[PDB]
Every structure is written in structure tokens, then in C-alpha cells.
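Note that each Cβ is placed from the backbone with ideal geometry, even for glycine, and that neighbours are counted across all protein chains shown. Read-outs: derived from the displayed coordinates by stated rules, not from any lab.
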Amino acid sequence: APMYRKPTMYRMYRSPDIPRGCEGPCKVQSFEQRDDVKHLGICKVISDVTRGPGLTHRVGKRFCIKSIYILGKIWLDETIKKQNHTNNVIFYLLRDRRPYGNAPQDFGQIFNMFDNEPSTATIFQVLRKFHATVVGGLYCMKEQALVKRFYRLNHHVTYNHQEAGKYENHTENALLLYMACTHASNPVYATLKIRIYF
Amino acid sequence: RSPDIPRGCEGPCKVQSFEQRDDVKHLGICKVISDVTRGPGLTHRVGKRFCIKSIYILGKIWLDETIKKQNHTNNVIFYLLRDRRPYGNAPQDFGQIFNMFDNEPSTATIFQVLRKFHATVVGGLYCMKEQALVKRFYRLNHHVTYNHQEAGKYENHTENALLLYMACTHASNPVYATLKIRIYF
Amino acid sequence: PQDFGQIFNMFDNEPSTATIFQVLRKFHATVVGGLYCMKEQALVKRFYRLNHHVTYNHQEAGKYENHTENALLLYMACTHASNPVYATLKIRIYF
Amino acid sequence: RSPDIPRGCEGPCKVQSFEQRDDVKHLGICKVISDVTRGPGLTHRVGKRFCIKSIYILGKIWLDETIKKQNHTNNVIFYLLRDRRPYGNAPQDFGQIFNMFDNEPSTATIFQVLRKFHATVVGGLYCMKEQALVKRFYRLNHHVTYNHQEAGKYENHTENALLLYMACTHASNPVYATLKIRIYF
Amino acid sequence: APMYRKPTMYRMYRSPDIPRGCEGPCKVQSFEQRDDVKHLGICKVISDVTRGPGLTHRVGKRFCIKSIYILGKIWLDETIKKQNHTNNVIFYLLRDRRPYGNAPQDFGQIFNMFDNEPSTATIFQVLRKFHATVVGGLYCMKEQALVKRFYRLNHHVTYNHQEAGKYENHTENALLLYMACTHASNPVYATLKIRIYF
Amino acid sequence: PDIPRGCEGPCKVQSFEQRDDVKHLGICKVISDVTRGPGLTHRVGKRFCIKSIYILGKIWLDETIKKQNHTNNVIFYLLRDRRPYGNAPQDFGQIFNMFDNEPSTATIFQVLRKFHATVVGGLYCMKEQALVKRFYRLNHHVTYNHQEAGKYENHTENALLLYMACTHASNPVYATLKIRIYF
């Protein structure tokens, strides 16, 4: 921001953002170049946002996430994983209510096998789901890398400790992702660009 | 928008000046301002301006050391003054207020006063009936400003400082007064 | 303003750091008299001492409380808890 | 009163940006400025102005890990650039300089250059004749300024930043280059 | 100083002080309300000067002491110490060449018994000496508390570490005091006000 | 026409070593064995003005072992010391960082210069071994504290000594140096 003094004045005014935070709706990417397994792909989307005056940071422990913008290409175009084929990807974007120390499991967290909801003793809240179907075997093979873009409006987040630190000092109203495969093979090489501007 | 005070949209941050101290008969001096230095952190300030919302004084005032049962029955009078300017360090108490231990500031010094308090610890022998008293007080106050633009100590202020003096009323020194002083602003 | 409420420390000192009042000079007078001689008593002190300007602000035909820049005055100090000193001084200012 | 440079009568203080790092083929990025934050201490600054007298680059550049004997014979080209302004963080190297690893800055980017260096570590098998080289260099330079008046990080500068890029010339990554970088000013 | 910015500008110019330091010739008292023994009264006169922007402090580790101004009243006027009487006080203001950790001894430091110089294996430098003779017994008793004031010009001092700390981090060109009694009794209650402005 | 101090003969006191080092430190107070005496391997009084240090030396690893864990180099350090503390102080706790460094910020000891020696010998050639280093190196004055005929323990201001440093966890370096000081 032009001429921090040390936080910005001339902010101070009308802007259609959110209730609590006031500043420039600063983007923090959580890019991944990753994959998953059948059981879990775990991504706390909030881990990189630490204390700083910069425009990929925060001031204090209070967020109001305006929107999560999920880019991503989900392929299996490695030279293997043409056998044991036809798998699909179900995305899960959950509104969490508290963290239990560090990042938790998934098959020990959501109720049943891969088409489910959170357990009855765990009500964590859900926001929405997605789909991605990559079906490629042999002799065509007709399907591969799909592109997914989504605007997705969301709401506020708070941290616990006063650290310029990692994901472990979260508190109430966390939010994160789970990715799920539906077959015993692991073809899915899903790399996602996740913009949060707030 | 803001309802705090007419200056700070800032987070109304607490900076506590805890003491584990005592006094003498003449003076117990406590500047309660340079606890805040300049910084981006949450026990700091931005710029050189305050509006102290309230001073919250906790404290236990005892004499329960194994000595100071003789020369007993002393009491503590607190003084919370609105200062108009310092020069150099904290000026000492009997070199600033007028008369012996039941007084006001001098006629050539008008520093302003806000309020007073009481604490009576009377313990001798064969009961001894009185000891450590607990004092809590909400106390609303107003603005403070520094002149010198340093991330520094107490010697460099301007208009409206404020600080404490503690006074004993007897030649012995039984009073071991430790006070927790929250300022959130 | 009273003396110990203005100068810094106990009886061998200077003005305080928050008070810089200026000093011109000092003097000495030692009267040591106990019993069985007693060898010392009344001492005589005369001193020329050149000085400079003084101004009042308030335009009254009046007392001392109403001055401005460059006042000047005296302080006398004893160094023991007894008070033997009966010091009577004749102070001429001609200007 | 004193001969240093046309700005600072200050103590010509050293702030060292030691690294125990490495690089990749594309980029090794090192802003050598936000080592200094605002402070009264002797590894800091007063205000928002520098005149860097000299950068003194120590460093040992090896590949003496038990791997990276195959895909061998790589060399290191150093780049010490005079920057004209940053925005946000340090912009990455191949997204800033023109062509593949023997180049200059792009035509749409004129950032200024000061000088280059060399370091050739060629070690394969059966001798293997070359390893850790030592490089020391006096290198006189000039002034640096911050815009944003924070006691803070690197993202908040103005005119005349300066930083380093390190470049490898082969697809393997053998280079474990650790450098001690004194700036006294 | 009026309007530190954060050290003072408009200093910058002609002032008859000393070579190295530039600022207001700031006073640091080392007042004592102390006494001595026959062997030693030890006073490192530099201990309180720590790092600070204030006018009883320093910037960096370099001094040029302009003058030491020694006030002091040296008495024996306690109700005891009229017997074993007639003692005198010899002052010693030494230019030290290095500290050995913390403050050292005196009878293990100066050569001989109470009328001496530093030892041949120790050449610490001397600046000057003083005298104070308090002779009081019974039936007059003719002498008591004497007043001593002295201008005494001196020169530069340096510290070792970069601490805002005590006397132990001194280096070359230290300077300190020793006070000496000349009789086995200890009547001397010497309290001294020691101004250093530099 | 050579000396700035006194018309004595520029007497040689040579601190030969047949030694080695470790990775952390090779410590050599070079002014150690200079005691009071009439000979030219001695001193008159307690005041020196070292004209030059002349460093000879062959730095090898040609023992039948230390062909593995190879390719190490030697960095020399010739420091102008400011103050002593009895015997010789630490190296790794005195100079700042790991083996490519300067003295620490709380220690400013002065430096004069550095040197290099690269002995890289493994197997199947092995191409490098014992190197010879000679250096004229002009320097300046040294003072002793006591008037004893003593060793390095009784120093004062303006000492000077050497540190040798290896850069690998093995210890191949068998560095023997002939160090002439004539003054």
C-alpha cells in the first residue's frame, strides 16, 4: 500500500467489503503442486497468513474472508495409472468450529466411505462440494486434465495466539479443504491455485 | 465506525505495568507511561498519541515479612496525579508535593491531581490484627502525548503525563506493596 | 520556593537536573565550638561580588512574588542536626 | 565533521546478511537490505536513508554432499544489481532477466547492473578435480533509501534498492553456496 | 535535549569541549553515602553510565570525560570513634589501563602500606592525590567534617561490550577512585558527590 | 635505515612448528617463547616493534590415510590482538561464524590479513598435495606487561597470533610452518 504510516490511513471510509477488516482486500495465495491418496488430501488454506504490514499478511488475529477463488488442473497424465482407471474427485470445503492442535485426519473425521457428511459427534460445518471426473484407460483414452474455476463467497476467521506463526494457533471459525478419491489406485495429480482475498 | 475515544480507531490495547516492589516513607515513584514504546506490536503505539480509557489498579499491600511487627500501625495513601510536563527523569516526591505526607502539590507547581486512595495495615503483636489488603479500582482517565519521536523511555514526553506516588506515614518501612496496573486504551 | 525542595541532594550539592536554576558562587564559614577551650566562634565575612541585571514583569509598587527573568537570591545551609548558627548579615546592593 | 560519505555522520555500522543456503538452476534470490530495520541499536538505521560504502562478499561454494557427483561440471555466475524500485516482494529472477543464464536485464526493465562474478565447481568421479572455492571481494557501492517509514521488512522501499541473484547453468542442482555478506556504511 | 530526532541535530558545530563526543556535556553523578575501611574504599566512577538517549547516558561505547568534580564531606561525627583517633584520608584518582573482569582489590593492587605508588608489575597510571585530615579525640575535640571541592580535568574512556550495562564491560582507559585510611580504627564516614560531565 | 625504534640488531626469533590442526582451531601464539636474555633468541625489556613476519610452510596430507573424505582447503588468519587473558583464547567462540567469517561484534580483535592453501587429493590421480607458501608480511609493535623472563602468559595490549582453519569434518591437514620474526 502506498505510504504506510505505519498502518494505512485514508482507508477510513466507504468500501463494499465485509464488516470487520478495513484495509486493501489483500490476496494470499495457497498454491499447491501436490496430489492426494484415496483417503485424504488435507489443506489448511490459512497457514501462510502471518503477521506483517505487507499485502499478503494480516494485522491482529481477525479475518473476514471475502471469497475463495479455486483454480486447478486435475490430471492423471503420468505415463502410468492407465490401468485401475476411471476415478473421480469430490471436493469438500468445510467451515470448521475449532482446531485440535495441528491438522486432523479425514477418514477418521468424515463419517462413512467417500460419499458422506461429517459424523454425528462432530457437528464440523460444511459449505459446499465440487466434482471432477477423470476417466482414462486405454485405446482412446477419453478423459484427462480438467480445469475448474469457482468464485465462492465465505465469511470470517479468527486466530488464537499472538504469534507471527503457523496454522497450529488457530481458534474458532477455521476453514480448510479435503480432497477425496473413490478408487484404490491413486491416479489423481491435482494441483490447485487457491486465492483468498479479504 | 468507532466508539472508543476521540483519537484511536486502534485496538484498545492493554499494557500492564506490574510491579513487585515496595516504597520508603518519602516516596514510591512509578511512571506508568514508558511501558509503551513505539512498535508494531500489540503492547505498543502508532505515532506519539494516547487516550488512556481507564487505569485498573490491582494490588496487595502487606507487611507479612517476619520483621516489622515493631514500630507498627502504618497506612498507605495513594496519589494518582495528572502531570503537565516532565524534564529528565521522574522528579522525586517530597521535592515536588508541599508538606509532610498529608498535603497537595505546591503553589509554584500547579501538577494536577486526579484522586487518592487508602490502605491501612496495622499489625503489631498478640493478635496481630491487620495485614495484606486487596484493592481493585476502575478509574477512568484521559489523553497522553509524547513530544520526542523515539521508540524509547520516559524522559522524552510533553503535555499530560500521568504517574503514581505512594506514601508511608511512619519512620519504619513495613509496606511491601505490589500492584498490578492495567492501562487499556 | 524552599531550598531542599529545589536543590538536589543533602547539603553538598548542585541544583537538580530538572531545575536548570543557575548558580553564581559559594562561600564558607566554619564555627566549631564545644567545651574546654572552646576554639571557634563568631567569624567576620566581607566580599565584593560583581553581578548583573534583574527585571520585574508585573508593574506593581510591590513585593517579591511578581518578577520575570533573572531573579537572584540566597540560601544558607547548616550541616548538622543541631541549630547553633545565628548568622546576621548586612547585604548591600548598589546599582 | 568527518570523512565517510555525503549523508551519514553515523557510526559506519556493519549489518551482515549471512546465509546458509543454496539455489536452484533458475534463481537464488537475496535481498540484502531489510537486514536493517529501524532501531536505536547498532545493527539498525536512523530515519530512512543509507549510503552503502561497500559490500564485502565472503563465501564458500561447494557440492561436497555425498550425492551430485553425476550430472556434474556446473559453474556459478553471480549478479549484483542496482535496482530502481520494488513492488511487493522480491520479483523472481527468470521472470526479470532476459534470456537463459547468460544474459542482461530485459529491454522493458531498464534494472541496473553493477558487476558479475565467477565460481566453477567441476567434480565428477575418479579424481574428482574441483570442489569448494573461496571468494572474497571488496566492492564499493552507493546509496539506498526507503519510502515507507516502518521498522520493518523489505517490501516497502523506494529508489535504489540493490540485491543479489545467483545462477546455475545445468539441470542438476549441486551448488550449496553459503555466503557471508558484510555491508558497512 | 530539546527535540531529539532521534539523536540531536543542530549540534554539528563549534563547541569547546573535547575531540570525540559532540553532544551536550552531560552530567552523570555518582553520589555515594558510604564509608571505607583502612585498606580500601573502592569506587568505579563509570558504572551508572549506560546506553540511553537521555542526558545521564551515552551513545555507543566512547567517552571523553571533560572533568571530574569531586564534592564531599568527610567526618567522624558518630557518637563513637573519639578514641583511637587522629586519622587522615588520602585520595587516589587513577588512570586505569584495563579491567580484570569486575572491580579489583587495593592492598593487593597498590605497592606498600598506605603511602605508596602502584606496583612495578602493574604499570596502572595515576592522575593526582588529595588530603583530608580529621583529628578528633576528647576535651576539645579539634577537628571534624571537612568540605572538599575540586575541579579536575581528565580525558577519554572506552567500554568493551555493546550492552546497556554495568561496570564489568569496560576496556582500556578506565578510571576510578581509591580511598585510604591510615589507622587501625575506622572513624572515616566519607560521603562524596562526584559529578562527571562530558 | 630499516627500524623506527632502536639501534639493536634485528634479531630473529623463529617459532617453528611441526604440528597439525583440527577443523575448529589451530592456535599459535607466535610471540610465546620470547624471554629476557642476552642471546638473539631473546628480548631486552618489554617493548617490541615486529618488523616483519616471514611465514614458511609446507601443508600436506601425504600420510597413507586421509585419501577418503577428501578435498579440504586451509584458510590462514593473522590477527592483531588487543588484549590477552592468560593463555590463548578460543577460536570458534571468538571468531563469529562457521569457517568463513570475521571476529564477532562484541570482540572488536583486529585482523591483519588472510591466506589460502588448497590440498585436494582423493584417489586415481590424486591431483593435489604438499604446497609451499612463503610470504613477506610487514607488521608493527608488541608490548609485554611484566618484566619477567616469561612465556606468553604475561602479555598486555597489542598481541598478535595465528589461527588455522580446516573446512571439512575430516582432518587431513598436516601443516608444518617455519615462522621467522625479525625485529
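Taking the options F:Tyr174, F:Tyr152, name whichever one is among the hydroxyl-bearing types (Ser, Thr, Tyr), more than 27 Å from E:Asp96 (Cα to Cα) and under 15 Å from the mean Cα position of the chain (by Cα). Being among the hydroxyl-bearing types (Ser, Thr, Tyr), more than 27 Å from E:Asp96 (Cα to Cα) and under 15 Å from the mean Cα position of the chain (by Cα) holds for just one of F:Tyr174, F:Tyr152, which is F:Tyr174. The set of residues in the stretch B:13-35 that are in contact with an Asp or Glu (Cβ under 6 Å, 6 or more places away or on another chain) and either surrounded by fewer than 13 Cβ atoms within 10 Å (Cβ to Cβ) or not in a loop (DSSP other than H, G, I, E, B) (or both) contains only B:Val15.
So for the stretch B:107-129 (the condition being surrounded by 13 or more Cβ atoms within 10 Å (Cβ to Cβ), of a type outside the set (A, V, I, L, M, F, W, C) and under 30 Å from E:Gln29 (Cβ atoms)), does at least one residue qualify? Yes, some residue in the stretch B:107-129 is surrounded by 13 or more Cβ atoms within 10 Å (Cβ to Cβ), of a type outside the set (A, V, I, L, M, F, W, C) and under 30 Å from E:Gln29 (Cβ atoms).
If the condition is being basic (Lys, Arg), assigned to a loop (DSSP other than H, G, I, E, B) and farther than 30 Å from B:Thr120 by Cα, then the stretch B:41-75 contributes only B:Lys48. Only a single item in (1) under 17 Å from B:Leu58 (Cβ atoms); (2) aliphatic (A, V, I, L, M); (3) surrounded by 15 or more Cβ atoms within 10 Å (Cβ to Cβ) is not met by B:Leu163, and it is number (1). Considering every residue within the stretch E:44-55, establish whether at least one is of a type in the set (A, V, I, L, M, F, W, C) and either outside any loop (DSSP other than H, G, I, E, B) or within 14 Å of chain B (Cβ to nearest Cβ) (or both). Yes, the stretch E:44-55 contains a residue that is of a type in the set (A, V, I, L, M, F, W, C) and either outside any loop (DSSP other than H, G, I, E, B) or within 14 Å of chain B (Cβ to nearest Cβ) (or both). In this structure, E:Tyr100 qualifies as loosely packed, with under 13 Cβ neighbours inside 10 Å, more than 14 Å from chain C (Cβ to nearest Cβ) and either of a type in the set (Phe, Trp, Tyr) or touching a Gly at 6+ places or on another chain (Cβ under 7 Å) (or both).
Taking the stretch E:125-198 and the strands (runs of 3 or more DSSP E) fully enclosed by it, the elements with 3 or more residues that are touching a strand residue (DSSP E or B) at 6+ places or on another chain (Cβ under 7 Å) and not β-branched (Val, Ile, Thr) are at E:125-134, E:174-181, E:189-197. Looking only at residues in the stretch F:44-65 that are under 30 Å from F:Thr118 (Cα atoms) and among the charged types (D, E, K, R), the one that is surrounded by the fewest Cβ atoms within 10 Å (Cβ to Cβ) is F:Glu63.
Do you know which residues across the stretch F:1-37 are under 22 Å from F:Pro84 (Cβ atoms) and of a type in the set (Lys, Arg)? Answer for the stretch F:1-37, where residues must be under 22 Å from F:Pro84 (Cβ atoms) and of a type in the set (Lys, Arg): F:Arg5, F:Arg19, F:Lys29, F:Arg36. Residues in the stretch D:166-185 that are under 16 Å from D:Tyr79 (Cα atoms) and not β-branched (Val, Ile, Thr): D:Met166, D:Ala167, D:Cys168, D:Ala177, D:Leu179, D:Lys180.
Note on the stretch F:56-109: residues that are over 27 Å from D:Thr178 (Cβ atoms) and assigned to a loop (DSSP other than H, G, I, E, B) amount to 9. In the stretch B:146-180, of all residues being part of a strand (DSSP E or B) and in contact with a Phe, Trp or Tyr (Cβ under 7 Å, 6 or more places away or on another chain), the one that is farthest from B:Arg21 (Cα to Cα) corresponds to B:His157. Residue under question is D:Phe94, and the condition is that it be at positive phi and part of a loop (DSSP other than H, G, I, E, B); does it hold? Answer is no for this residue. For the stretch E:75-92, the candidate set comprises residues that are hydrophobic (A, V, I, L, M, F, W, C), away from chain C (no Cβ under 14 Å) and more than 14 Å from the chain's Cα centre (by Cα); within that set, the residue that is surrounded by the most Cβ atoms within 10 Å (Cβ to Cβ) is E:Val89. Total residues in the stretch D:103-153 satisfying the condition of being at the interface with another protein chain (Cβ under 9 Å from one of its Cβ atoms), closer than 20 Å to A:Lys6 by Cβ and not polar (S, T, N, Q): the figure is 5. Each residue in the stretch E:7-38 was checked for being within 14 Å of chain B (Cβ to nearest Cβ), part of a loop (DSSP other than H, G, I, E, B) and under 24 Å from E:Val157 (Cβ atoms), and 5 of them qualify.
All of D:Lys69, D:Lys60, D:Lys48 fail the test of being within 14 Å of chain F (Cβ to nearest Cβ), out of contact with any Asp or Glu (no Cβ under 6 Å at 6 or more places or on another chain) and of a type in the set (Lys, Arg), apart from D:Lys69. For the stretch E:116-134, the criterion of being within 14 Å of chain C (Cβ to nearest Cβ) and either within 18 Å of the chain's Cα centre (by Cα) or hydrophobic (A, V, I, L, M, F, W, C) (or both) is met by at least one residue. Taken as a whole, the structure places B:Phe94 among residues that are aromatic (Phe, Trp, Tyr), farther than 30 Å from D:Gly39 by Cβ and either in contact with a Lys or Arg (Cβ under 7 Å, 6 or more places away or on another chain) or within 14 Å of another protein chain (Cβ to nearest Cβ) (or both). For the residues E:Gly72, E:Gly41, the requirement of being more than 14 Å from every other protein chain (Cβ to nearest Cβ), crowded, with 19+ Cβ neighbours inside 10 Å and not hydrophobic (A, V, I, L, M, F, W, C) singles out E:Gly41. Kindly provide the set of residues from the stretch F:112-124 that are over 22 Å from F:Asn158 (Cβ atoms), of a type outside the set (S, T, N, Q) and part of a strand (DSSP E or B), ordered by number. Once the filter is applied, which keeps residues that are over 22 Å from F:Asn158 (Cβ atoms), of a type outside the set (S, T, N, Q) and part of a strand (DSSP E or B), the stretch F:112-124 yields F:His116, F:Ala117, F:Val119.
Listed by first and then second residue, the pairs linking a residue in the stretch A:132-151 that is closer than 9 Å to A:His85 by Cβ to a residue that is of a type in the set (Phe, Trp, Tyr) and surrounded by fewer than 14 Cβ atoms within 10 Å (Cβ to Cβ), with Cβ atoms under 7 Å apart and 6 or more places separating them unless they lie on different chains, form an empty list.
The set of residues from the stretch B:9-52 being in contact with a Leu (Cβ under 8 Å, 6 or more places away or on another chain) and more than 19 Å from B:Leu179 (Cα to Cα) comprises B:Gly11, B:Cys13. The single residue among A:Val157, A:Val126, A:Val147 that is β-branched (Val, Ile, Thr) and over 30 Å from A:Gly21 (Cβ atoms) turns out to be A:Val147. Just one of the numbered conditions (1) exposed (fewer than 15 other Cβ atoms within 10 Å of the Cβ); (2) more than 14 Å from chain C (Cβ to nearest Cβ); (3) in contact with a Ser or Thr (Cβ under 8 Å, 6 or more places away or on another chain) is not true of E:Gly137: (2). Consider E:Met3 carefully, then state whether it is within 14 Å of chain B (Cβ to nearest Cβ) and on the phi > 0 side of the Ramachandran plot. So E:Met3 passes the test. Of the numbered criteria (1) surrounded by 13 or more Cβ atoms within 10 Å (Cβ to Cβ); (2) among the hydrophobic types (A, V, I, L, M, F, W, C); (3) farther than 26 Å from F:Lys151 by Cα, the one F:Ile95 fails is (3).
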